[PDB]
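First, one chain by itself in C-alpha coordinates, the form deposited in one PDB entry.
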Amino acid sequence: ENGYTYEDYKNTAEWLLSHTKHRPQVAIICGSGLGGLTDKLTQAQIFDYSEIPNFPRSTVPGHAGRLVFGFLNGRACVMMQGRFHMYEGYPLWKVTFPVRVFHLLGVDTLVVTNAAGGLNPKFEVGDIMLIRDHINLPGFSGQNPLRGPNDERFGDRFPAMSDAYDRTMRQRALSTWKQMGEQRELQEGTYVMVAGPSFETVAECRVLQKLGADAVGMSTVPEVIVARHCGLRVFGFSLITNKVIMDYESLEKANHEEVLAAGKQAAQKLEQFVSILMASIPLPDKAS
(Lines give C-alpha, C1' and ligand atoms only; values in the text may rest on other atoms or scores of the structure.)
Protein backbone atom coordinates (compact mmCIF):
# COMPACT_ATOMS: atom_id res chain seq x y z
CA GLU A 1 0.00 0.00 0.00
CA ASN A 2 0.81 3.73 0.71
CA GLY A 3 3.84 5.11 -1.04
CA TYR A 4 3.57 2.64 -3.90
CA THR A 5 0.77 3.12 -6.45
CA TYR A 6 -0.42 0.05 -8.34
CA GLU A 7 1.54 1.23 -11.37
CA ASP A 8 4.75 1.53 -9.32
CA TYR A 9 4.69 -2.26 -9.14
CA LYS A 10 3.72 -2.56 -12.80
CA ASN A 11 6.77 -0.49 -13.78
CA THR A 12 9.13 -2.39 -11.56
CA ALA A 13 7.68 -5.67 -12.94
CA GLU A 14 7.95 -4.65 -16.59
CA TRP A 15 11.50 -3.27 -16.09
CA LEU A 16 12.56 -6.49 -14.53
CA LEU A 17 10.79 -8.49 -17.23
CA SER A 18 12.51 -6.43 -19.84
CA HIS A 19 15.87 -6.98 -18.13
CA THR A 20 16.03 -10.63 -17.40
CA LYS A 21 15.00 -13.06 -20.14
CA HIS A 22 13.83 -15.08 -17.15
CA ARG A 23 10.20 -15.52 -16.16
CA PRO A 24 10.17 -16.84 -12.60
CA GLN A 25 7.52 -19.20 -11.27
CA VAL A 26 8.81 -19.50 -7.75
CA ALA A 27 9.92 -16.53 -5.62
CA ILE A 28 12.27 -17.59 -2.80
CA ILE A 29 12.93 -15.11 0.00
CA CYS A 30 16.08 -16.41 1.63
CA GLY A 31 16.04 -15.84 5.35
CA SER A 32 19.11 -14.94 7.38
CA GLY A 33 21.96 -17.32 6.59
CA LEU A 34 20.07 -19.31 3.98
CA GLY A 35 20.90 -16.67 1.39
CA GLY A 36 23.60 -18.96 0.12
CA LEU A 37 20.70 -20.93 -1.35
CA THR A 38 21.38 -18.56 -4.21
CA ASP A 39 24.54 -20.50 -5.09
CA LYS A 40 22.34 -23.38 -6.32
CA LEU A 41 21.06 -21.44 -9.30
CA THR A 42 21.80 -21.79 -13.02
CA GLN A 43 21.32 -19.01 -15.59
CA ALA A 44 21.49 -16.84 -12.45
CA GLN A 45 21.01 -13.24 -13.33
CA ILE A 46 21.65 -10.94 -10.44
CA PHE A 47 19.96 -7.60 -9.78
CA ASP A 48 20.96 -5.36 -6.93
CA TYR A 49 17.78 -4.08 -5.25
CA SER A 50 19.27 -0.71 -5.74
CA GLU A 51 19.41 -1.02 -9.56
CA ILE A 52 15.81 -2.20 -9.80
CA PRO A 53 13.44 0.75 -10.00
CA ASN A 54 11.18 1.45 -6.94
CA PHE A 55 12.76 -1.49 -5.05
CA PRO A 56 13.67 -0.77 -1.41
CA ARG A 57 17.47 -0.38 -1.35
CA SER A 58 19.03 -2.39 1.49
CA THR A 59 19.95 -0.49 4.67
CA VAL A 60 23.16 -1.07 6.63
CA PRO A 61 23.40 -4.68 5.40
CA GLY A 62 23.24 -4.15 1.64
CA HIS A 63 25.91 -6.82 1.44
CA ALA A 64 23.76 -9.58 -0.10
CA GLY A 65 21.10 -7.08 -1.13
CA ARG A 66 20.43 -8.67 -4.52
CA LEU A 67 17.58 -10.31 -6.44
CA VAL A 68 18.80 -13.49 -8.13
CA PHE A 69 16.82 -15.11 -10.96
CA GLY A 70 17.81 -18.35 -12.71
CA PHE A 71 16.75 -21.93 -11.99
CA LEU A 72 16.34 -24.19 -9.02
CA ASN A 73 16.01 -27.92 -9.58
CA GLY A 74 13.84 -27.44 -12.58
CA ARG A 75 11.96 -24.22 -11.65
CA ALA A 76 12.38 -20.77 -13.10
CA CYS A 77 13.21 -18.96 -9.87
CA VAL A 78 13.89 -15.51 -8.46
CA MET A 79 15.51 -15.53 -5.08
CA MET A 80 15.62 -12.53 -2.87
CA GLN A 81 18.89 -12.60 -0.93
CA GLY A 82 18.51 -10.52 2.16
CA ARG A 83 14.90 -9.70 2.91
CA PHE A 84 13.59 -6.45 4.33
CA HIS A 85 12.38 -6.19 7.94
CA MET A 86 10.28 -3.82 10.05
CA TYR A 87 13.19 -3.21 12.43
CA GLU A 88 15.34 -1.82 9.74
CA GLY A 89 12.69 0.88 9.43
CA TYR A 90 11.02 -0.19 6.23
CA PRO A 91 7.32 0.55 6.38
CA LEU A 92 5.64 -2.84 5.80
CA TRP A 93 4.50 -1.71 2.34
CA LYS A 94 8.20 -1.64 1.44
CA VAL A 95 9.05 -4.82 3.25
CA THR A 96 6.50 -6.63 1.14
CA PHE A 97 6.93 -4.61 -2.08
CA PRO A 98 8.92 -7.48 -3.60
CA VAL A 99 6.09 -9.95 -3.17
CA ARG A 100 3.78 -7.75 -5.19
CA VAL A 101 6.36 -7.28 -7.92
CA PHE A 102 7.02 -11.01 -7.98
CA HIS A 103 3.37 -11.80 -8.54
CA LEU A 104 3.44 -9.30 -11.42
CA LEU A 105 6.54 -11.14 -12.68
CA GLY A 106 4.31 -14.18 -13.03
CA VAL A 107 5.54 -15.78 -9.78
CA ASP A 108 2.73 -18.01 -8.51
CA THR A 109 4.39 -19.57 -5.54
CA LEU A 110 6.45 -18.10 -2.77
CA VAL A 111 8.67 -20.10 -0.50
CA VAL A 112 9.67 -17.87 2.46
CA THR A 113 12.46 -18.81 4.82
CA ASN A 114 13.76 -17.26 8.06
CA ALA A 115 15.90 -17.87 11.12
CA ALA A 116 13.89 -17.85 14.33
CA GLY A 117 14.16 -18.73 18.00
CA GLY A 118 12.87 -21.99 19.45
CA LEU A 119 9.90 -21.55 21.73
CA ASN A 120 8.82 -25.13 21.69
CA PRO A 121 11.29 -26.89 24.07
CA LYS A 122 11.31 -29.96 21.92
CA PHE A 123 12.86 -27.87 19.15
CA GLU A 124 16.63 -28.54 19.17
CA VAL A 125 18.69 -25.66 17.80
CA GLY A 126 19.55 -26.56 14.23
CA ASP A 127 16.08 -27.85 13.40
CA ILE A 128 13.94 -26.74 10.49
CA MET A 129 10.33 -25.78 11.14
CA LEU A 130 7.88 -26.13 8.34
CA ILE A 131 5.58 -23.12 9.00
CA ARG A 132 2.02 -24.37 9.50
CA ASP A 133 0.61 -21.06 10.77
CA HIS A 134 1.66 -17.66 12.02
CA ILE A 135 0.55 -15.31 14.83
CA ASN A 136 0.81 -11.79 13.42
CA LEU A 137 1.64 -9.76 16.52
CA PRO A 138 2.54 -6.48 14.86
CA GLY A 139 -0.62 -6.86 12.79
CA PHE A 140 -2.96 -7.18 15.72
CA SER A 141 -1.85 -3.63 16.42
CA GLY A 142 -2.23 -2.32 12.92
CA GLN A 143 1.06 -3.27 11.36
CA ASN A 144 -0.41 -5.30 8.57
CA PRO A 145 1.15 -4.90 5.16
CA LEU A 146 -2.37 -4.65 3.75
CA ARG A 147 -3.40 -1.50 5.64
CA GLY A 148 -4.57 1.27 3.42
CA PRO A 149 -6.96 1.28 0.50
CA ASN A 150 -7.12 -2.21 -1.06
CA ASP A 151 -6.42 -2.69 -4.73
CA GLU A 152 -8.85 -5.24 -6.09
CA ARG A 153 -6.22 -5.76 -8.85
CA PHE A 154 -4.05 -7.54 -6.36
CA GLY A 155 -6.83 -8.79 -4.17
CA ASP A 156 -9.65 -8.57 -1.72
CA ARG A 157 -9.97 -6.10 1.16
CA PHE A 158 -10.26 -8.77 3.81
CA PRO A 159 -8.32 -11.72 2.45
CA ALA A 160 -8.17 -14.74 4.67
CA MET A 161 -5.01 -16.23 6.15
CA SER A 162 -6.77 -19.11 7.93
CA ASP A 163 -5.05 -21.09 5.20
CA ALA A 164 -1.89 -19.09 4.62
CA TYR A 165 0.70 -21.80 4.25
CA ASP A 166 -0.27 -24.20 1.54
CA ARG A 167 -1.30 -27.55 3.04
CA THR A 168 -0.08 -29.62 0.08
CA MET A 169 3.46 -28.31 0.09
CA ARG A 170 3.30 -29.02 3.81
CA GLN A 171 2.59 -32.69 3.02
CA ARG A 172 4.87 -32.64 -0.03
CA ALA A 173 7.61 -31.61 2.35
CA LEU A 174 6.83 -33.64 5.45
CA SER A 175 7.07 -36.47 3.01
CA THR A 176 10.10 -35.14 1.01
CA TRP A 177 11.99 -34.79 4.30
CA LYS A 178 11.23 -38.49 4.66
CA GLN A 179 11.63 -39.63 1.03
CA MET A 180 15.07 -38.06 1.44
CA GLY A 181 15.70 -39.93 4.70
CA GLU A 182 16.70 -37.17 7.07
CA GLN A 183 16.37 -38.73 10.53
CA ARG A 184 14.48 -36.07 12.56
CA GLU A 185 11.28 -35.36 10.57
CA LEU A 186 11.03 -31.72 9.58
CA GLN A 187 9.33 -30.04 12.47
CA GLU A 188 6.17 -28.00 12.33
CA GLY A 189 4.91 -25.06 14.34
CA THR A 190 3.35 -21.62 14.48
CA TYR A 191 5.76 -18.88 13.57
CA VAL A 192 5.20 -15.71 15.57
CA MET A 193 6.53 -12.51 13.99
CA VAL A 194 7.67 -10.01 16.60
CA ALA A 195 9.30 -6.74 15.45
CA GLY A 196 11.81 -4.58 17.35
CA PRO A 197 15.38 -5.45 16.65
CA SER A 198 16.13 -6.51 20.21
CA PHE A 199 15.65 -10.08 21.46
CA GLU A 200 12.98 -11.55 23.75
CA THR A 201 13.23 -11.30 27.55
CA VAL A 202 12.43 -14.46 29.49
CA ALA A 203 9.09 -12.81 30.26
CA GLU A 204 8.25 -12.12 26.63
CA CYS A 205 9.53 -15.55 25.68
CA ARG A 206 6.77 -17.02 27.91
CA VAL A 207 3.84 -14.96 26.57
CA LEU A 208 4.97 -16.17 23.15
CA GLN A 209 4.91 -19.79 24.31
CA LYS A 210 1.51 -19.10 25.98
CA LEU A 211 0.00 -17.49 22.90
CA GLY A 212 0.84 -20.77 21.17
CA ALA A 213 3.83 -19.84 18.99
CA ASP A 214 6.55 -22.44 18.45
CA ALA A 215 9.21 -20.26 16.78
CA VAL A 216 9.81 -16.48 17.16
CA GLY A 217 11.06 -14.31 14.30
CA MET A 218 11.02 -10.75 13.00
CA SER A 219 9.77 -11.13 9.41
CA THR A 220 8.11 -13.47 6.88
CA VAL A 221 4.59 -12.77 8.14
CA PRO A 222 4.14 -9.54 6.16
CA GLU A 223 5.37 -11.36 3.02
CA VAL A 224 3.06 -14.32 3.58
CA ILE A 225 0.22 -11.79 3.95
CA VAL A 226 0.62 -9.83 0.70
CA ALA A 227 1.41 -13.08 -1.12
CA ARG A 228 -1.81 -14.71 0.01
CA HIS A 229 -3.56 -11.49 -0.88
CA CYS A 230 -2.29 -11.90 -4.46
CA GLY A 231 -3.04 -15.57 -4.53
CA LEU A 232 0.53 -16.82 -4.37
CA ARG A 233 0.60 -20.39 -3.06
CA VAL A 234 2.88 -20.13 -0.07
CA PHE A 235 4.97 -22.44 2.09
CA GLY A 236 8.01 -21.64 4.18
CA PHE A 237 10.49 -22.99 6.71
CA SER A 238 12.15 -21.54 9.74
CA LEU A 239 15.69 -22.49 10.80
CA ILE A 240 15.55 -22.68 14.60
CA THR A 241 18.88 -20.95 15.22
CA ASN A 242 18.54 -20.93 18.95
CA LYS A 243 16.40 -21.75 21.95
CA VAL A 244 14.60 -18.83 23.48
CA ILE A 245 15.37 -18.78 27.22
CA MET A 246 11.96 -19.58 28.74
CA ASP A 247 13.77 -20.14 32.07
CA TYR A 248 14.83 -17.77 34.78
CA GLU A 249 17.82 -20.06 35.49
CA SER A 250 18.72 -18.06 32.30
CA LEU A 251 22.53 -17.58 32.10
CA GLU A 252 22.63 -18.46 28.37
CA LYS A 253 21.77 -16.54 25.18
CA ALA A 254 20.39 -16.95 21.65
CA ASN A 255 21.86 -13.71 20.19
CA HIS A 256 22.12 -13.20 16.41
CA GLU A 257 25.86 -13.06 16.46
CA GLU A 258 25.56 -16.71 17.58
CA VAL A 259 23.77 -17.21 14.25
CA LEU A 260 26.43 -19.99 13.67
CA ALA A 261 23.66 -22.47 13.04
CA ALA A 262 22.59 -20.24 10.15
CA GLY A 263 26.19 -20.67 8.89
CA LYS A 264 26.26 -24.43 9.53
CA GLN A 265 25.45 -27.18 7.05
CA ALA A 266 22.16 -26.53 8.81
CA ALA A 267 21.74 -23.59 6.46
CA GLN A 268 23.07 -25.83 3.67
CA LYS A 269 20.69 -28.60 4.69
CA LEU A 270 17.58 -26.36 4.56
CA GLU A 271 19.07 -25.16 1.30
CA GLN A 272 19.20 -28.49 -0.59
CA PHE A 273 15.88 -29.26 1.09
CA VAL A 274 14.39 -26.14 -0.46
CA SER A 275 16.05 -27.03 -3.74
CA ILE A 276 14.49 -30.48 -3.70
CA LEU A 277 11.02 -29.15 -3.00
CA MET A 278 11.22 -27.35 -6.35
CA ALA A 279 10.12 -30.59 -7.98
CA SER A 280 7.09 -30.66 -5.68
CA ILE A 281 5.81 -27.17 -6.53
CA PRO A 282 2.98 -27.40 -9.10
CA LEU A 283 4.27 -26.48 -12.55
CA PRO A 284 1.69 -24.02 -13.98
CA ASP A 285 2.10 -25.98 -17.23
CA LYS A 286 1.08 -29.23 -15.51
CA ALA A 287 1.16 -31.38 -18.71
CA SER A 288 -1.71 -33.20 -16.94
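Note that residue numbering begins at 1 and tracks the sequence as displayed. Whichever C-alpha set is largest while still superposing within 1.5 Å between the two forms counts as the rigid core.
Only in words, not in the display: the form deposited in another entry, which the text now covers.
With the core fitted between the shown form and the other one, just one of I225, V68, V26, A262 shows a Cα displacement of at least 2 Å, namely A262. Relative to the superposed rigid core, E252 undergoes a CA displacement of at least 2 Å between the shown form and the other one. Relative to this conformation, a decrease of 3 Å or more in the Cα-Cα distance between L67 and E258 is found in the other entry. Distance between the C-alpha atoms of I29 and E257: shorter by at least 3 Å in the other entry than in the displayed form.
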